[PDB]
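Worksheet: the structure to be examined is printed underneath.
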Amino acid sequence: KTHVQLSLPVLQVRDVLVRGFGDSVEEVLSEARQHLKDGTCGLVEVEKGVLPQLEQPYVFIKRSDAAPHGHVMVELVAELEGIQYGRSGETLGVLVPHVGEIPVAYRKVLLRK
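For the sequence shown, the residue numbers in the entry's author numbering are 11 to 76, 79 to 125.
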């Protein structure tokens with residue numbers, strides 16, 4: 011399928027054990043896609059003082075449309093030293109590996125894959 015219904019566990023930034031997907035724009039987008047597919051991807055909601063606690067390059071999920081079965085359509089945009097790779101709508105959060113942290117909520121997304 012071109013789109014996949016996912017429920018992403020929302021993690022507090024201070025709980026996150028693995029604070030990024032890797033060391034290049036291409037690697038983090040690759041790793042984010044694999045974790046999204048394997049159900050091993052968490053979401054941190056972006057606020058003041060969140061991003062400097064996470065590792066660049068960042069992977070964002072961004073609203074791609076204005079929401080089937082409650083799932084907001086999103087796509088991936090990466091960021092490194094203030095340059096973004098991709099063009100999309102409003103940020104829903106930054107993706108990180110999920111390694112068993114207890115979530116505070118779930119974000120239903122429809123991922124363009």
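Think of the CB as a built atom: it goes at the ideal place given N, C-alpha and C, for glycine as much as any other residue.
Assigned secondary structure, residue i (DSSP; H/G/I helix, E/B strand, else coil)
i: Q15; result: strand
i: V108; result: strand
i: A42; result: helix
i: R99; result: coil
i: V84; result: strand
i: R73; result: strand
i: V35; result: helix
i: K120; result: strand
i: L92; result: strand
i: residue 198; result: Summary: the structure shown does not reach residue 198, with the chain confined to residues 11 through 125, and so no result is reported for it.
i: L53; result: strand
Among the options, the one whose alpha carbon lies nearest that of residue i
i: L88; options: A42, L61, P109; result: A42
i: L122; options: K58, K72, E93; result: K72
i: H81; options: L39, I114, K120, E113; result: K120
Pair within 8 Å by beta-carbon distance, residue i and residue j
i: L27; j: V106; result: no
i: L18; j: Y118; result: yes
i: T50; j: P115; result: no
i: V86; j: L39; result: no
CB-CB length for residue i against residue j, believed under 8 Å
i: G30; j: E65; result: 3 Å
i: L104; j: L53; result: 7 Å
i: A90; j: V35; result: 5 Å
i: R99; j: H13; result: Actually they are not in contact, since the Cβ atoms of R99 and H13 sit about 18 Å apart, beyond 8 Å.
i: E102; j: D25; result: The Cβ separation is near 24 Å, so there is no contact.
i: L16; j: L46; result: 6 Å
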